[PDB]
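Structure file coords.cif; described as mmCIF, N, CA and C atoms.
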data_input
loop_
_atom_site.label_atom_id
_atom_site.label_comp_id
_atom_site.auth_asym_id
_atom_site.auth_seq_id
_atom_site.Cartn_x
_atom_site.Cartn_y
_atom_site.Cartn_z
N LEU M 1 18.50 6.17 1.64
CA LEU M 1 17.08 6.15 1.99
C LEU M 1 16.52 7.58 2.02
N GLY M 2 15.25 7.72 1.64
CA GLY M 2 14.56 8.99 1.67
C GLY M 2 13.54 9.01 2.79
N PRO M 3 12.73 10.07 2.85
CA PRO M 3 11.79 10.21 3.97
C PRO M 3 10.81 9.04 4.02
N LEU M 4 10.57 8.52 5.23
CA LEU M 4 9.60 7.46 5.44
C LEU M 4 8.29 8.02 5.95
N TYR M 5 7.19 7.60 5.34
CA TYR M 5 5.86 8.04 5.76
C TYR M 5 5.05 6.80 6.13
N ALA M 6 4.79 6.65 7.43
CA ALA M 6 3.96 5.57 7.92
C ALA M 6 2.51 5.99 7.81
N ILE M 7 1.71 5.18 7.11
CA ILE M 7 0.26 5.32 7.15
C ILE M 7 -0.18 4.70 8.47
N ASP M 8 -0.47 5.56 9.45
CA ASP M 8 -0.59 5.10 10.83
C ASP M 8 -1.73 4.09 10.99
N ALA M 9 -2.90 4.41 10.46
CA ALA M 9 -4.00 3.44 10.52
C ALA M 9 -3.67 2.21 9.68
N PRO M 10 -3.61 1.02 10.27
CA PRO M 10 -3.45 -0.18 9.45
C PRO M 10 -4.66 -0.38 8.55
N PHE M 11 -4.45 -1.11 7.46
CA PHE M 11 -5.51 -1.44 6.52
C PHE M 11 -6.09 -2.79 6.89
N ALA M 12 -7.42 -2.89 6.90
CA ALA M 12 -8.08 -4.19 7.05
C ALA M 12 -9.15 -4.30 5.98
N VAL M 13 -8.99 -5.27 5.08
CA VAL M 13 -9.88 -5.42 3.95
C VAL M 13 -10.30 -6.89 3.82
N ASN M 14 -11.38 -7.11 3.08
CA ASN M 14 -11.69 -8.43 2.59
C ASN M 14 -10.81 -8.74 1.39
N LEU M 15 -10.40 -9.99 1.29
CA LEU M 15 -9.81 -10.51 0.07
C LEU M 15 -10.85 -11.33 -0.68
N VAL M 16 -10.81 -11.22 -2.01
CA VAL M 16 -11.55 -12.12 -2.89
C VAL M 16 -11.22 -13.57 -2.54
N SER M 17 -12.23 -14.38 -2.23
CA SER M 17 -11.92 -15.78 -1.96
C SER M 17 -13.13 -16.67 -2.22
N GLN M 18 -12.86 -17.80 -2.88
CA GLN M 18 -13.84 -18.87 -3.03
C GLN M 18 -14.23 -19.44 -1.67
N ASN M 19 -13.24 -19.85 -0.88
CA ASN M 19 -13.43 -20.40 0.46
C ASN M 19 -13.92 -19.32 1.42
N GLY M 20 -15.22 -19.08 1.46
CA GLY M 20 -15.80 -18.28 2.53
C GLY M 20 -15.36 -16.83 2.53
N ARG M 21 -14.79 -16.38 3.65
CA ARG M 21 -14.47 -14.97 3.85
C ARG M 21 -13.07 -14.85 4.44
N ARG M 22 -12.17 -14.23 3.69
CA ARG M 22 -10.79 -14.10 4.11
C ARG M 22 -10.41 -12.62 4.17
N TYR M 23 -9.46 -12.29 5.04
CA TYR M 23 -9.14 -10.91 5.35
C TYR M 23 -7.65 -10.66 5.28
N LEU M 24 -7.30 -9.40 5.08
CA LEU M 24 -5.92 -8.95 5.07
C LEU M 24 -5.79 -7.83 6.09
N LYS M 25 -4.88 -8.00 7.03
CA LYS M 25 -4.47 -6.90 7.90
C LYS M 25 -3.01 -6.59 7.59
N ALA M 26 -2.70 -5.30 7.45
CA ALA M 26 -1.50 -4.87 6.75
C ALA M 26 -1.22 -3.42 7.10
N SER M 27 0.00 -3.15 7.53
CA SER M 27 0.46 -1.82 7.87
C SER M 27 1.49 -1.40 6.84
N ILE M 28 1.32 -0.21 6.26
CA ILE M 28 2.08 0.18 5.08
C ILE M 28 2.89 1.43 5.36
N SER M 29 4.12 1.45 4.87
CA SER M 29 4.94 2.65 4.89
C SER M 29 5.48 2.91 3.48
N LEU M 30 5.65 4.18 3.16
CA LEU M 30 6.10 4.60 1.84
C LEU M 30 7.43 5.32 1.95
N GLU M 31 8.35 5.00 1.05
CA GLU M 31 9.59 5.76 0.93
C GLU M 31 9.40 6.85 -0.12
N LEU M 32 9.56 8.11 0.29
CA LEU M 32 9.37 9.25 -0.59
C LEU M 32 10.68 9.64 -1.27
N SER M 33 10.56 10.12 -2.50
CA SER M 33 11.74 10.45 -3.29
C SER M 33 12.44 11.71 -2.79
N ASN M 34 11.70 12.63 -2.19
CA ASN M 34 12.29 13.84 -1.64
C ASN M 34 11.47 14.30 -0.45
N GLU M 35 11.96 15.34 0.22
CA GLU M 35 11.29 15.79 1.43
C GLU M 35 10.02 16.58 1.12
N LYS M 36 9.93 17.20 -0.05
CA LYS M 36 8.74 18.00 -0.33
C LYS M 36 7.52 17.11 -0.52
N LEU M 37 7.72 15.92 -1.09
CA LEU M 37 6.63 14.97 -1.25
C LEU M 37 5.94 14.63 0.06
N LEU M 38 6.63 14.84 1.19
CA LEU M 38 6.00 14.63 2.49
C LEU M 38 4.70 15.41 2.61
N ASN M 39 4.75 16.73 2.39
CA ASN M 39 3.56 17.54 2.59
C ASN M 39 2.42 17.11 1.67
N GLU M 40 2.74 16.72 0.44
CA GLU M 40 1.69 16.34 -0.49
C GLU M 40 1.06 15.00 -0.11
N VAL M 41 1.87 14.04 0.37
CA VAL M 41 1.28 12.76 0.72
C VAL M 41 0.49 12.83 2.02
N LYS M 42 0.64 13.90 2.81
CA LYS M 42 -0.27 14.10 3.93
C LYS M 42 -1.58 14.71 3.46
N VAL M 43 -1.48 15.77 2.66
CA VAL M 43 -2.65 16.43 2.09
C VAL M 43 -3.52 15.44 1.33
N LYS M 44 -2.89 14.51 0.62
CA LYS M 44 -3.59 13.51 -0.16
C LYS M 44 -3.73 12.18 0.56
N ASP M 45 -3.55 12.17 1.89
CA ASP M 45 -3.65 10.94 2.67
C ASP M 45 -4.90 10.15 2.34
N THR M 46 -6.05 10.83 2.24
CA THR M 46 -7.33 10.14 2.04
C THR M 46 -7.36 9.39 0.71
N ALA M 47 -6.87 10.00 -0.37
CA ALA M 47 -6.86 9.33 -1.66
C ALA M 47 -5.92 8.13 -1.62
N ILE M 48 -4.79 8.26 -0.92
CA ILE M 48 -3.84 7.15 -0.82
C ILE M 48 -4.49 5.95 -0.14
N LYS M 49 -5.18 6.18 0.98
CA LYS M 49 -5.90 5.09 1.62
C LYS M 49 -6.93 4.48 0.67
N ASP M 50 -7.67 5.33 -0.06
CA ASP M 50 -8.71 4.82 -0.96
C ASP M 50 -8.10 3.95 -2.05
N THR M 51 -7.09 4.47 -2.73
CA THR M 51 -6.38 3.69 -3.74
C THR M 51 -5.87 2.37 -3.17
N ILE M 52 -5.26 2.41 -1.98
CA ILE M 52 -4.70 1.18 -1.42
C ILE M 52 -5.81 0.19 -1.09
N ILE M 53 -6.92 0.66 -0.51
CA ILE M 53 -8.02 -0.24 -0.19
C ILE M 53 -8.55 -0.91 -1.45
N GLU M 54 -8.74 -0.14 -2.52
CA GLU M 54 -9.22 -0.73 -3.76
C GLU M 54 -8.25 -1.77 -4.31
N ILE M 55 -6.94 -1.52 -4.23
CA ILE M 55 -5.97 -2.48 -4.73
C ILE M 55 -5.94 -3.74 -3.85
N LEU M 56 -5.81 -3.56 -2.53
CA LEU M 56 -5.72 -4.71 -1.62
C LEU M 56 -6.93 -5.63 -1.76
N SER M 57 -8.13 -5.06 -1.77
CA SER M 57 -9.36 -5.83 -1.74
C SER M 57 -9.70 -6.48 -3.07
N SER M 58 -8.93 -6.22 -4.12
CA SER M 58 -9.08 -6.91 -5.38
C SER M 58 -8.28 -8.22 -5.46
N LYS M 59 -7.52 -8.59 -4.43
CA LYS M 59 -6.63 -9.74 -4.42
C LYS M 59 -7.24 -10.97 -3.75
N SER M 60 -6.84 -12.14 -4.24
CA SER M 60 -7.17 -13.39 -3.56
C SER M 60 -6.12 -13.71 -2.51
N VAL M 61 -6.38 -14.75 -1.73
CA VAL M 61 -5.35 -15.19 -0.80
C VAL M 61 -4.12 -15.67 -1.57
N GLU M 62 -4.33 -16.39 -2.67
CA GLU M 62 -3.18 -16.94 -3.37
C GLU M 62 -2.35 -15.85 -4.01
N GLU M 63 -2.96 -14.73 -4.38
CA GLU M 63 -2.20 -13.66 -5.00
C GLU M 63 -1.38 -12.85 -4.01
N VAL M 64 -1.53 -13.04 -2.70
CA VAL M 64 -0.76 -12.28 -1.72
C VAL M 64 -0.02 -13.14 -0.71
N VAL M 65 -0.11 -14.48 -0.77
CA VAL M 65 0.61 -15.29 0.22
C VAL M 65 2.08 -15.53 -0.12
N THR M 66 2.47 -15.47 -1.39
CA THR M 66 3.87 -15.67 -1.73
C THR M 66 4.61 -14.34 -1.71
N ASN M 67 5.95 -14.40 -1.81
CA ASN M 67 6.71 -13.16 -1.82
C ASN M 67 6.72 -12.52 -3.19
N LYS M 68 6.48 -13.30 -4.24
CA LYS M 68 6.29 -12.69 -5.55
C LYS M 68 4.96 -11.94 -5.59
N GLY M 69 3.91 -12.50 -5.01
CA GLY M 69 2.66 -11.76 -4.88
C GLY M 69 2.82 -10.44 -4.13
N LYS M 70 3.42 -10.48 -2.95
CA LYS M 70 3.55 -9.25 -2.18
C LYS M 70 4.36 -8.21 -2.94
N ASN M 71 5.28 -8.64 -3.79
CA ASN M 71 6.12 -7.68 -4.48
C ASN M 71 5.41 -7.10 -5.69
N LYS M 72 4.65 -7.93 -6.41
CA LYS M 72 3.73 -7.41 -7.40
C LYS M 72 2.78 -6.41 -6.76
N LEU M 73 2.23 -6.78 -5.60
CA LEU M 73 1.33 -5.91 -4.87
C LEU M 73 1.98 -4.56 -4.54
N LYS M 74 3.21 -4.59 -4.00
CA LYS M 74 3.90 -3.34 -3.66
C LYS M 74 4.17 -2.50 -4.89
N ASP M 75 4.26 -3.13 -6.06
CA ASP M 75 4.53 -2.36 -7.27
C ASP M 75 3.24 -1.75 -7.80
N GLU M 76 2.15 -2.51 -7.75
CA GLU M 76 0.85 -1.97 -8.12
C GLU M 76 0.46 -0.81 -7.21
N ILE M 77 0.67 -0.94 -5.90
CA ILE M 77 0.38 0.16 -4.98
C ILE M 77 1.17 1.40 -5.37
N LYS M 78 2.48 1.23 -5.57
CA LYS M 78 3.38 2.38 -5.73
C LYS M 78 3.15 3.08 -7.06
N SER M 79 2.84 2.32 -8.10
CA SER M 79 2.70 2.93 -9.42
C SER M 79 1.33 3.59 -9.62
N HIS M 80 0.26 3.11 -8.95
CA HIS M 80 -1.01 3.85 -8.95
C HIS M 80 -0.91 5.12 -8.12
N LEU M 81 -0.33 5.04 -6.93
CA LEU M 81 -0.16 6.21 -6.09
C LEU M 81 0.66 7.27 -6.78
N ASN M 82 1.73 6.85 -7.47
CA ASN M 82 2.58 7.79 -8.17
C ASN M 82 1.84 8.52 -9.27
N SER M 83 0.76 7.94 -9.79
CA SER M 83 0.09 8.56 -10.91
C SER M 83 -0.55 9.88 -10.53
N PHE M 84 -0.92 10.09 -9.26
CA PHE M 84 -1.53 11.36 -8.90
C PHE M 84 -0.66 12.22 -7.98
N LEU M 85 0.62 11.89 -7.81
CA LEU M 85 1.54 12.72 -7.05
C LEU M 85 2.43 13.51 -8.00
N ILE M 86 2.69 14.77 -7.67
CA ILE M 86 3.36 15.67 -8.60
C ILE M 86 4.64 16.23 -8.01
N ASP M 87 4.72 16.33 -6.70
CA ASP M 87 5.95 16.85 -6.10
C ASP M 87 7.03 15.78 -5.91
N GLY M 88 6.82 14.59 -6.45
CA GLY M 88 7.77 13.51 -6.28
C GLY M 88 7.10 12.18 -6.59
N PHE M 89 7.74 11.10 -6.13
CA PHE M 89 7.17 9.78 -6.32
C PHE M 89 7.55 8.86 -5.15
N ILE M 90 6.65 7.92 -4.84
CA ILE M 90 6.95 6.80 -3.96
C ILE M 90 8.05 5.95 -4.59
N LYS M 91 9.16 5.78 -3.87
CA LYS M 91 10.23 4.91 -4.34
C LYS M 91 9.98 3.46 -3.96
N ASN M 92 9.41 3.21 -2.78
CA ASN M 92 9.28 1.86 -2.25
C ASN M 92 8.08 1.76 -1.34
N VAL M 93 7.54 0.55 -1.23
CA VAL M 93 6.47 0.24 -0.29
C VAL M 93 6.96 -0.87 0.62
N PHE M 94 6.84 -0.66 1.93
CA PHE M 94 7.19 -1.66 2.95
C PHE M 94 5.98 -2.02 3.78
N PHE M 95 5.86 -3.30 4.10
CA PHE M 95 4.91 -3.74 5.11
C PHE M 95 5.65 -3.86 6.43
N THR M 96 5.13 -3.22 7.47
CA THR M 96 5.65 -3.44 8.81
C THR M 96 4.83 -4.46 9.57
N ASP M 97 3.77 -4.98 8.96
CA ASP M 97 2.88 -5.97 9.55
C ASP M 97 1.93 -6.42 8.45
N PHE M 98 1.70 -7.74 8.36
CA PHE M 98 0.99 -8.31 7.21
C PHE M 98 0.48 -9.69 7.60
N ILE M 99 -0.83 -9.83 7.80
CA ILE M 99 -1.39 -11.12 8.21
C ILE M 99 -2.72 -11.36 7.50
N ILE M 100 -2.98 -12.63 7.20
CA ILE M 100 -4.21 -13.06 6.53
C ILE M 100 -5.03 -13.87 7.51
N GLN M 101 -6.20 -13.35 7.87
CA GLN M 101 -7.06 -14.02 8.84
C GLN M 101 -8.38 -14.41 8.20
#
In structure tokens, write the structure found in this file.
Amino acid sequence: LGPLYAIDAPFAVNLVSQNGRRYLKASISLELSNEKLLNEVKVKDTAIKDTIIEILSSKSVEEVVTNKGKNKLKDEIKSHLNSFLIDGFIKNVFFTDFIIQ
């Protein structure tokens, strides 16, 4: 395992839904490939939240309720975030809390 970076503020977004108004509450942690990436993912904290909000809020309930959905989601998050990081890459995305209200 490499350095863990908890995005302390949980994410709360709307999900795309036919049935009225549905929400996602979700706490995210990133596994960093090396220790130097720590400093960069703090400096770029704001862009990471923005990217994640845009990705999360583009999903329907059906696209995130299964475990295949959540894993596609974790891959979309990690590969967009990696596109603008240069001192390393996110190896993994973990949810420490994930609920649809």
Would you kindly translate the PyMOL selection byres ((chain M and resi 75-79) around 8) into the concrete residues it picks from this file, as a PyMOL selection string? chain M and resi 51-52+55-56+69-74+80-84+89-93
Coordinates-based distance that separates atom N of residue 97 of chain M from atom CA of residue 48 of chain M (Å, one decimal): 17.3 Å
Interatomic distance, atom CA of residue 38 of chain M to atom N of residue 86 of chain M (Å, one decimal):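 That distance, rounded to one decimal, is 10.7 Å.
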Residue with smallest distance to residue 101 of chain M - pool M:46, M:61, M:35, M:3, counting only C-alpha atoms: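 Looking at the shortest contact to residue 101 of chain M, the residue is M:61.
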Have a look at M:58, M:85, M:67, M:95 and name the one nearest to residue 17 of chain M; count only C-alpha atoms. M:58
My list of candidates is M:2, M:100, M:14, M:28. Which is closest to residue 64 of chain M when distances are computed with only C-alpha atoms? M:100
When the PyMOL selection byres ((chain M and resi 16) around 8) is applied to the structure above, which residues does it catch, written out as a PyMOL selection string? chain M and resi 13-15+17-23+56-62
Running the PyMOL selection byres (((chain M and resi 27 and name CA) around 10) and name CA) on this model by hand, what would come out? Give it as a list in words. residues 6, 7, 8, 9, 10, 11, 12, 24, 25, 26, 28, 29, 94, 95, 96, 97, 98 and 99 of chain M
Per DSSP on the backbone, filter chain M down to the residues in helix (DSSP H, G or I) and report them as JSON, numbers by chain. {"M": [36, 37, 38, 39, 40, 41, 42, 43, 45, 46, 47, 48, 49, 50, 51, 52, 53, 54, 55, 56, 62, 63, 64, 65, 67, 68, 69, 70, 71, 72, 73, 74, 75, 76, 77, 78, 79, 80, 81, 82, 83]}
List every residue of chain M that DSSP, applied to the backbone, labels as strand (DSSP E), and write the result as a ChimeraX atom specification. /M:4-6,11-15,22-32,90-100
Tell me, in Å to one decimal, how far atom CA of residue 53 of chain M is from atom N of residue 1 of chain M.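 Taking atom CA of residue 53 of chain M and atom N of residue 1 of chain M, their separation equals 27.3 Å.
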Provide segment 67-84 of chain M rebuilt to N, CA, C and O atoms, formatted as a PDB file, in the coordinates of the input.
ATOM      1  N   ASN M  67       5.950 -14.400  -1.810  1.00  0.00           N
ATOM      2  CA  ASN M  67       6.710 -13.160  -1.820  1.00  0.00           C
ATOM      3  C   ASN M  67       6.720 -12.520  -3.190  1.00  0.00           C
ATOM      4  O   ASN M  67       6.933 -11.311  -3.294  1.00  0.00           O
ATOM      5  N   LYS M  68       6.480 -13.300  -4.240  1.00  0.00           N
ATOM      6  CA  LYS M  68       6.290 -12.690  -5.550  1.00  0.00           C
ATOM      7  C   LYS M  68       4.960 -11.940  -5.590  1.00  0.00           C
ATOM      8  O   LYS M  68       4.894 -10.826  -6.122  1.00  0.00           O
ATOM      9  N   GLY M  69       3.910 -12.500  -5.010  1.00  0.00           N
ATOM     10  CA  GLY M  69       2.660 -11.760  -4.880  1.00  0.00           C
ATOM     11  C   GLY M  69       2.820 -10.440  -4.130  1.00  0.00           C
ATOM     12  O   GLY M  69       2.394  -9.393  -4.613  1.00  0.00           O
ATOM     13  N   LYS M  70       3.420 -10.480  -2.950  1.00  0.00           N
ATOM     14  CA  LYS M  70       3.550  -9.250  -2.180  1.00  0.00           C
ATOM     15  C   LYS M  70       4.360  -8.210  -2.940  1.00  0.00           C
ATOM     16  O   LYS M  70       4.144  -7.000  -2.771  1.00  0.00           O
ATOM     17  N   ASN M  71       5.280  -8.640  -3.790  1.00  0.00           N
ATOM     18  CA  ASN M  71       6.120  -7.680  -4.480  1.00  0.00           C
ATOM     19  C   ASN M  71       5.410  -7.100  -5.690  1.00  0.00           C
ATOM     20  O   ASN M  71       5.558  -5.912  -5.974  1.00  0.00           O
ATOM     21  N   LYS M  72       4.650  -7.930  -6.410  1.00  0.00           N
ATOM     22  CA  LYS M  72       3.730  -7.410  -7.400  1.00  0.00           C
ATOM     23  C   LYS M  72       2.780  -6.410  -6.760  1.00  0.00           C
ATOM     24  O   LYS M  72       2.585  -5.300  -7.264  1.00  0.00           O
ATOM     25  N   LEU M  73       2.230  -6.780  -5.600  1.00  0.00           N
ATOM     26  CA  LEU M  73       1.330  -5.910  -4.870  1.00  0.00           C
ATOM     27  C   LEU M  73       1.980  -4.560  -4.540  1.00  0.00           C
ATOM     28  O   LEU M  73       1.388  -3.498  -4.784  1.00  0.00           O
ATOM     29  N   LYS M  74       3.210  -4.590  -4.000  1.00  0.00           N
ATOM     30  CA  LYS M  74       3.900  -3.340  -3.660  1.00  0.00           C
ATOM     31  C   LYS M  74       4.170  -2.500  -4.890  1.00  0.00           C
ATOM     32  O   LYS M  74       4.345  -1.277  -4.787  1.00  0.00           O
ATOM     33  N   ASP M  75       4.260  -3.130  -6.060  1.00  0.00           N
ATOM     34  CA  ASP M  75       4.530  -2.360  -7.270  1.00  0.00           C
ATOM     35  C   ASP M  75       3.240  -1.750  -7.800  1.00  0.00           C
ATOM     36  O   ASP M  75       3.232  -0.603  -8.253  1.00  0.00           O
ATOM     37  N   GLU M  76       2.150  -2.510  -7.750  1.00  0.00           N
ATOM     38  CA  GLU M  76       0.850  -1.970  -8.120  1.00  0.00           C
ATOM     39  C   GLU M  76       0.460  -0.810  -7.210  1.00  0.00           C
ATOM     40  O   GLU M  76      -0.025   0.228  -7.694  1.00  0.00           O
ATOM     41  N   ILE M  77       0.670  -0.940  -5.900  1.00  0.00           N
ATOM     42  CA  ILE M  77       0.380   0.160  -4.980  1.00  0.00           C
ATOM     43  C   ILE M  77       1.170   1.400  -5.370  1.00  0.00           C
ATOM     44  O   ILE M  77       0.627   2.498  -5.490  1.00  0.00           O
ATOM     45  N   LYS M  78       2.480   1.230  -5.570  1.00  0.00           N
ATOM     46  CA  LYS M  78       3.380   2.380  -5.730  1.00  0.00           C
ATOM     47  C   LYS M  78       3.150   3.080  -7.060  1.00  0.00           C
ATOM     48  O   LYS M  78       3.226   4.307  -7.139  1.00  0.00           O
ATOM     49  N   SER M  79       2.840   2.320  -8.100  1.00  0.00           N
ATOM     50  CA  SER M  79       2.700   2.930  -9.420  1.00  0.00           C
ATOM     51  C   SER M  79       1.330   3.590  -9.620  1.00  0.00           C
ATOM     52  O   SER M  79       1.246   4.568 -10.358  1.00  0.00           O
ATOM     53  N   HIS M  80       0.260   3.110  -8.950  1.00  0.00           N
ATOM     54  CA  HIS M  80      -1.010   3.850  -8.950  1.00  0.00           C
ATOM     55  C   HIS M  80      -0.910   5.120  -8.120  1.00  0.00           C
ATOM     56  O   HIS M  80      -1.394   6.181  -8.534  1.00  0.00           O
ATOM     57  N   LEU M  81      -0.330   5.040  -6.930  1.00  0.00           N
ATOM     58  CA  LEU M  81      -0.160   6.210  -6.090  1.00  0.00           C
ATOM     59  C   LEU M  81       0.660   7.270  -6.780  1.00  0.00           C
ATOM     60  O   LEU M  81       0.355   8.463  -6.701  1.00  0.00           O
ATOM     61  N   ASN M  82       1.730   6.850  -7.470  1.00  0.00           N
ATOM     62  CA  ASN M  82       2.580   7.790  -8.170  1.00  0.00           C
ATOM     63  C   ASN M  82       1.840   8.520  -9.270  1.00  0.00           C
ATOM     64  O   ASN M  82       2.241   9.623  -9.666  1.00  0.00           O
ATOM     65  N   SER M  83       0.760   7.940  -9.790  1.00  0.00           N
ATOM     66  CA  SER M  83       0.090   8.560 -10.910  1.00  0.00           C
ATOM     67  C   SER M  83      -0.550   9.880 -10.530  1.00  0.00           C
ATOM     68  O   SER M  83      -0.674  10.762 -11.388  1.00  0.00           O
ATOM     69  N   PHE M  84      -0.920  10.090  -9.260  1.00  0.00           N
ATOM     70  CA  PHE M  84      -1.530  11.360  -8.900  1.00  0.00           C
ATOM     71  C   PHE M  84      -0.660  12.220  -7.980  1.00  0.00           C
ATOM     72  O   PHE M  84      -1.166  13.216  -7.442  1.00  0.00           O
TER      73      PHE M  84
END
